[PDB]
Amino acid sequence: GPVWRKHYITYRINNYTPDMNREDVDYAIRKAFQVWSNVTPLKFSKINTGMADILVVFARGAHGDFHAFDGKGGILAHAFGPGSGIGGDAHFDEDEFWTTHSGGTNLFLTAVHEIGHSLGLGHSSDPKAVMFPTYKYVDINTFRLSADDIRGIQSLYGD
């Protein structure tokens, strides 16, 4: 339902999981945003200080937003749809072991999914869609949004 009422969107990574190298975390997030900017008019800018539309945070259990994480497994992360304050923010359960590839929960793939929510997309029934409600691992270098994912994000932002 909610949508960002602009095309220039900013994000900021509040903290970094010790699971990965700082650079790998920044890259995974940057790449996830580009997945969406590539098929819409949306342009994402990363800020290292100041307010951002989308705040990326790694945390375990209760972290202040009333939706406490649940330990290893189960919910891996969560995000809030477009809106002020908490709206748009993407949180990742530190109790998961974040990885660049298959050695655990893939940050890149998870981020693409969560940012979809940050942009206003809900869950699809299409098993091929990244917005499908259940996590799935695939070779990150050959990852591609499904036609359903594209249709959904373009009906919201065009292009």
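For every residue, the number given is its place in the sequence shown, counted from 1.
- Of the two segments, 104 to 112 and 124 to 132, the one listed with the higher mean B-factor is 124 to 132 (C-alpha atoms only).
- Mean C-alpha B-factor is higher over 56 to 64 than over the other stretch, the pair under comparison being 56 to 64 and 115 to 123.
- Per the deposited record, the Cα B-factor of residue 25 falls in the middle third when ranked against the other modelled residues of its chain.
- Among all modelled residues in its chain, residue 158 ranks in the highest third by Cα B-factor.
- Ranked within its chain, residue 90 lands in the lowest third, by CA B factor from the PDB record.
- Sorting the modelled residues of the chain by their CA temperature factor places residue 51 in the highest third.
- Among all modelled residues in this chain, the alpha-carbon of residue 39 has a temperature factor (C-alpha) in the middle third.
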